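Starting off, we have a lone chain in the form deposited in one PDB entry, written out as structure tokens.
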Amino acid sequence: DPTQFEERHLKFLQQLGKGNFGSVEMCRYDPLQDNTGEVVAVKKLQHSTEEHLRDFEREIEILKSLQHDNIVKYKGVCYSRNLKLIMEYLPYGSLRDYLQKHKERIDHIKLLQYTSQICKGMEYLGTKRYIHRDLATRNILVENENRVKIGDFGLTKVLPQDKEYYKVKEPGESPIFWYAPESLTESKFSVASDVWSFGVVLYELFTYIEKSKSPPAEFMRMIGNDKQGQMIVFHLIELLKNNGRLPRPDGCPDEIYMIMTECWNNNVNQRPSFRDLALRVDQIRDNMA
């Protein structure tokens, strides 16, 4: 049974990233002990407390239920009752790191390949009634020059059967610079708040991840760098409610700026669908090709 991985055969190779309650490591699954076994990504909990183990086991079922070209591939689990999630290893790292390293050597046509792929993983995700909540280029991974995948689901929620939003009553980690207004004010997440975050990803891509231009740097400038802690969220809400928005990235095509701004609509119902976004991005790619 290949989806059962023995703990004692997973050899630590390298640390890949950490956040909040988890980390991901590159490991070799080497049960022949001759360094020839498969290299894999392993997610585990940093503080494997009871409540986090239950959240993480639901995160694992989330990922196992997803099969899509632009979602990272589940391989299995490792039981010791601590839990390691086993995934394919994607060797070009996170899209945030990748773009920052190759920056303009990646051209507009390539950025839109990535954008289309991202959009299509999200659209698929939404057909299972999952809300990602953390869509940002740091959570997208690069398989090779032609393929990116959504690569972490640690904040992902499942919508209630009878509701189109999930309200998070005691928020933990919150990437508030990527959040829709309603998510800031009422902690409500929906496909439409994922679409809002996707306009932020498009922004990230077209700024080539220039740090002085990142969403946190730009929003902090607009509300004033003196704002701190919970005042950031107060002033960010006021800013967004008054149409303050991230700027058009330098050299961004018009049609691409129009899409970000349409994803950043205050009116939830006026944000585009991921299905229409993929249609539109692939049209733009076609026009450019």
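Numbers for residues come from their place in the sequence shown, where the first is 1. For clarity, a rigid core is taken as the largest C-alpha set superposing within 1.5 Å between two forms.
The following text describes the form deposited in another entry, which does not appear among the structures shown.
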* Answer among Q33, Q67, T49, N243 for the CA shift between this form and the one not shown that reaches 2 Å or more, rigid core superposed -> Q33
* Does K128 move its CA by 2 angstroms or more between this form and the one not shown when the core is aligned? -> no
* Asked: Hey, does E145 budge by 2 Å or more at the Cα between this form and the one not shown once the core is superposed?
  -> no
* Core superposition between this form and the one not shown, C-alpha change of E186 at least 2 Å -> no
* Using the form shown as baseline, tell whether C252 and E104 are closer or farther in Cα-Cα distance in the other form, where the change reaches 3 Å or more. => farther
* Structure fact -> Cα of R105 vs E143, shift of 3 Å or more in the other form, relative to this form: the pair sits closer
